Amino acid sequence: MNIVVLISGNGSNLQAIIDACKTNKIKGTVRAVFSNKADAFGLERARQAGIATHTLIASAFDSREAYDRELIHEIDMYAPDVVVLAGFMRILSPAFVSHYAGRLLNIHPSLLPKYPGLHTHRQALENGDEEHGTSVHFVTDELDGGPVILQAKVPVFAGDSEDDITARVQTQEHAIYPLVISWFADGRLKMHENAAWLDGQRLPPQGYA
């Protein structure tokens, strides 16, 4: 089972995934890590793990379509069974989403449908929500509109800073992402009729309950 991970920054989720393959919780391997930022430390994590790395700079391309095309061309050298977005700060084109339909995953730092887009933690905190979390879902063209597979809620108390809750959510992300990937790896997770299904059963709008 071949996994290709796409990142943009630190890659703590990438690390959790790497560790899960190592323990075999996930019966597969991370074949490659792609980044749109040369600096991403995640690349360094993959490097140290003997995993291949690649970098595609948006400037070197003259259109989003041209960029994803070279992305698809590159990612495919590894014959991935699933493409995983772990902190990938770049919106993917419909062509790309199409090419990996049903095998493209992402983990959004909020309790979807709440706060699609960037700056989740802040909104959650500035709006005064008593509950925050993360959501792993199948990627569709709709910015975080795809079928939610699993969420991990997290209590928000007075006094918690943006970083406090962020580190709290992160801890959950490291737990549910590798898990969702393992479900996928065992052919227990699929998507059709634009819905997420676990063990053959349809999952609710907010993921496995």
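From 1 onward, residues are counted along the sequence shown. In this text, rigid core is short for the largest set of C-alphas that superpose within 1.5 Å between two forms.
Core-fitted comparison in 5 other deposited structures of this protein shows that, between 158-166 and 29-37, the CA atoms farther from the shown form belong to 158-166.
With every structure aligned by its rigid core, 133-141 is the stretch of 133-141 and 97-105 whose CA positions lie farther away in 5 other deposited structures of this protein. Notably, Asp81 is never a gap: all other compared entries of this protein, restricted to those modelling both its neighbours, have coordinates for it, so the one-third criterion is not met.
Compared with other PDB entries of the same protein, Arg90 is present in all of those that resolve the residues around it, none of them, let alone a third, dropping it. With 52-60 and 25-33 compared on mean CA B-factor from the PDB entry, the stretch scoring higher is 52-60. Set 118-126 against 68-76 and average the Cα temperature factors; 118-126 ends up higher.
Ranked against the other modelled residues of its chain, the C-alpha B-factor of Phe157 as given in the entry falls in the middle third.
The PDB entry assigns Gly145 a C-alpha temperature factor belonging to the highest third of its chain's modelled residues. Among the modelled residues of its chain, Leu43 has a C-alpha B-factor that falls in the middle third, as given in the PDB entry. Sorting the modelled residues of the chain by their CA temperature factor places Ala20 in the lowest third. When the modelled residues of the chain are ordered by C-alpha B-factor, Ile7 sits in the middle third.
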